[PDB]
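Engineer: Quick one: experimental structure and sequence below.
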Amino acid sequence: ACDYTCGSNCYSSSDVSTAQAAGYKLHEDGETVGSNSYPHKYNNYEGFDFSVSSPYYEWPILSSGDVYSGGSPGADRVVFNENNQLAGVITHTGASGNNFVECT
Ligand SMILES: Nc1nc2c(ncn2[C@@H]2O[C@H](CO)[C@@H](OP(=O)(O)O)[C@H]2O)c(=O)[nH]1
Ligand SMILES: [Ca+2]
């Protein structure tokens, strides 16, 4: 079973932790990867009711199992905060335009 289901993509908790660790490391060092500069601030315009405090940062999680290193980020993201606490896993899949919906 999937711990997180983003459209057709299936992720386990270990998939999420691995992605999160990479994005947080880059955040701590003040560095970014990709043309869209990840990780970067996630404003939560959608208004998700996260259990942890802001600010939030988004980082791509890939269905390939690889850690993001540039190029197309796909539709899925892991959102973490300043304390490296997982806020949630979100996706563009099943959402209008560039909006997000939570992965179930
Ligand atoms: N939909 C949405 N996009 C956000 C939010 N905060 C920041 N963004 C950025 O706006 C764009 C929406 O897809 C993305 O930028 P990017 O294209 O540079 O990756 C995304 O990172 C937010 O709360 N909601
Ligand atoms: Ca996996």
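Structural biologist: It's in. Numbering: from 1, shown residues only. Ligands and ions are numbered 1, 2, ... in the order given.

Engineer: Burial check on the residue in the chain that ligand 2 sits nearest to, number of neighbours?
Structural biologist: Nearest to ligand 2 in the chain, going by Cβ to the ion, is residue 15, at a distance of 4.2 Å. Where C-beta positions appear, they are placed from N, C-alpha and C, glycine not excepted. For residue 15, the count of nearby residues is 20 (other Cβ atoms under 10 Å).

Engineer: so which strand or helix has it?
Structural biologist: helix 13-29 (DSSP states H and E).

Engineer: helices or strands up against that helix?
Structural biologist: strand 56-60, strand 76-81, strand 86-91 (3 or more Cβ pairs under 8 Å, 6 or more residues apart in numbering; DSSP states H and E).

Engineer: Can you tell me which of these is most buried?
Structural biologist: strand 76-81 (a mean of 24; mean count of other Cβ atoms under 10 Å).

Engineer: For the residue lying closest to residue 57 once chain neighbours are set aside, list the residues it contacts.
Structural biologist: Spatial nearest neighbour of residue 57, excluding adjacent residues (Cβ to Cβ, 6 or more residues apart in numbering): residue 39 at 4.5 Å. Residue 39 makes contact with 23-24, 26-27, 32, 57-59, 80, according to Cβ atoms under 8 Å, 6 or more residues apart in numbering.

Engineer: Of all residues in this structure, which one is nearest the centre?
Structural biologist: For the chain, the residue sitting closest to the mean C-alpha position, by Cα atoms, centre = their mean, is residue 78 at 1.9 Å.

Engineer: Tell me what that residue is bridged to.
Structural biologist: With DSSP bridges as the criterion, residue 78 is bridged to residue 59, residue 89.

Engineer: Can you list the neighbours in contact with stretch 96-104?
Structural biologist: 4-6, 9, 11, 46, 48, 76-77, 88-95.

Engineer: Can you mark which positions in it are buried?
Structural biologist: 100-103 (16 or more other Cβ atoms under 10 Å).

Engineer: and these near ligand 1, which?
Structural biologist: Restricting the buried residues of stretch 96-104 to those touching ligand 1 (Cβ under 6 Å from any ligand atom) yields residue 100.
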